[PDB]
Structures are given as C-alpha cells and as structure tokens.
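Read the single chain below, which is given as structure tokens and is the form deposited in one PDB entry.
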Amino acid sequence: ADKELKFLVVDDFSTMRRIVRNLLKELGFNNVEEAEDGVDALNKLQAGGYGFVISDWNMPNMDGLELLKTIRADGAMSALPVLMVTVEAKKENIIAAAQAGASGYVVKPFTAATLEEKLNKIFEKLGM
C-alpha cells in the first residue's frame, strides 16, 4: 500500500499510541497522527486527508464502538478503514464490532507480525 497513507491512531493510553506508531514506522508508514478518544478523533478527522484509522475500544467521552458507528454513518468517511485494537477479547465484542462495520480486529497484546498481516488483509480486501 501507499507508504504516504495518513493514519489516525486513537487510544486513551499514550503508552499504546506510541507502541502502534513505532510498529507502523517499522512497516514503512511515517504519516501518523494521534487522538486520545473518539471526540478528539472526530475533530482531527475533519482536517481532511486521512486514509486509515486504528482505534482502541475503552476510552472516555466517546468509546471505540461509538466512534466506529459515527464513522460508518457519515458520508464524508463511511468507507474509511477502521482497525480495532483493544484489550477486549470476548466473542461478543468481536461480533459487535464486525456488525458495526469494523474492517478488522486485533486483541492486545499483539506483535508486529500480527499488525502487518491484519493491515495487509485489509489492504487487499479494499484494493489499497
């Protein structure tokens, strides 16, 4: 995929945002911005130009599921890829996220190999 693709990494733990940013850097993606919850993410998305969102689930103010539903419902960004990356591992969470339009799902903790794979699967599926 295009190495200039612009990512938004959303997670309320700065520890986790840094981890994702660094793995993406390792894979060749340097165009990365950050948000600390769903409200903040929606503010940043309106700056335009974003091509991919990686989102946590548990966050204050607006959680990852609500963020996902908001993205899918808005004509400006309804086809934006959204990869969930979260501690929530239960079947019910995986099902709810998929039903709400998630592009993929990763359970923390995860390796760079898992991320590259999860990312690639989405790139192929969407023709990116």
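Note that residue numbering follows the sequence shown and begins at 1.
If you look for the form solved in complex with a partner chain, you will not find it shown, but the lines that follow are about it.
Is it the case that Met77, even though its partner is missing from this view, gets within 4.5 Å of the partner chain in the entry with it bound, heavy atoms only?
Contact with the partner chain, no.
Given that the partner is absent here, does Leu42 sit within 4.5 Å of the partner chain in the entry with it bound, heavy atoms only?
Although the partner chain is absent here, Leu42 would stay clear of it in the entry with it bound, with no heavy atoms inside 4.5 Å.
In the entry with it bound, is there a heavy atom of the partner chain that lies within 4.5 Å of any heavy atom of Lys121, even though the partner is absent here?
Heavy-atom contact with the partner chain at 4.5 Å: present for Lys121.
Classify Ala47 as contacting or not contacting the partner chain in the entry with it bound by the rule of any non-hydrogen atom within 4.5 angstroms, answering yes or no.
Residue-level check for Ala47: no, no contact with the partner chain.
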